[PDB]
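All values below were derived from every heavy atom in this structure, side-chain atoms included, with hydrogens, water molecules and symmetry-related copies excluded. In what follows, every chain begins at residue 1, and chains take the letters A, B, ... in the order their sequences are listed.
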Amino acid sequence: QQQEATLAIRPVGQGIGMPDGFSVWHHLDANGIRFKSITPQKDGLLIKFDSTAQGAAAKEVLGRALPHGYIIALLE
Amino acid sequence: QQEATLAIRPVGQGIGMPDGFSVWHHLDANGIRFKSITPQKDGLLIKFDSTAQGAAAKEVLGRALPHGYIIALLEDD
């Protein structure tokens with residue numbers, strides 16, 4: 001089977017608030033992107049995908065949708 | 001603290017699933033901290049670090065979704 005992928009969203013620094021998982025959820029479903037799970041963290045958000053393809057599609061969507069000051073990284 | 005899972009499913013074939021972001025909205029609006037949300041084909045699983053948080057979320061989601069949904073608290077082994 002396919003290898004799952006993780007999208008990590010963190011603020012670039014202090015002054016920028018934690019990414020809102022409600023907004024992230026909205027932007028992913030608005031673009032028809034399906035994720036496996038969302039895990040809120042102290043200063044960040046982890047989103048799991050069933051594939052790296054979905055993760056990458058979510059990265060280009062959240063890159064444009066999320067306001068300035070967020071680090072969006074795709075992981076294995 | 002043994003982890004807890006909240007399972008939300010429609011009572012039957014026909015009833016859809018509410019937009020998953022609405023559940024997120026209702027939990028944060030009531031200051032409920034959850035560990036994770038896992039969307040399923042016909043459902044939703046929410047993990048909690050404890051059964052106390054899970055129970056608080058069940059009461060909150062029970063009032064946000066008063067009809068057509070099975071909300072069940074499950075305790076992890």
Is it true that [X] and [Y] fall in one hydrophobic cluster, defined by side-chain heavy atoms closer than 4.5 Å?
X        : Y        : value
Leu6(B)  : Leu45(B) : no
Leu74(B) : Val11(B) : no
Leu62(A) : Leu75(A) : no
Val60(B) : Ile70(B) : yes

| message | Just verifying a value: how many Å separate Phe21(B) CZ and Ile38(A) CD1, rounded to the nearest 0.5 Å? | response | 11.0 Å
| field | Distance in Å, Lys36(A) NZ paired with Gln40(B) CD, rounded so as to fall on 0.5 Å steps | value | 12.5 Å
| query | Any idea which of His25(B), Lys47(B), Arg33(B) has the most non-hydrogen atom pairs under 4.5 angstrom with chain A? | reply | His25(B)
| Contacting moiety of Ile47(A), where chain B heavy atoms sit under 4.5 Å | neither
| message | Does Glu75(B), at its CD atom, have more than 12 non-hydrogen atoms belonging to other residues, nucleotides or ligands within less than 6.0 Å? | response | yes
| task | Measure distances from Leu27(B) to the heavy atoms of chain A and classify the residue's part below 4.5 Å as side chain, backbone, both or neither. | result | neither
| remark: Nearest heavy-atom approach of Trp25(A) to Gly20(B) is CZ2-CA, 3.3 Å
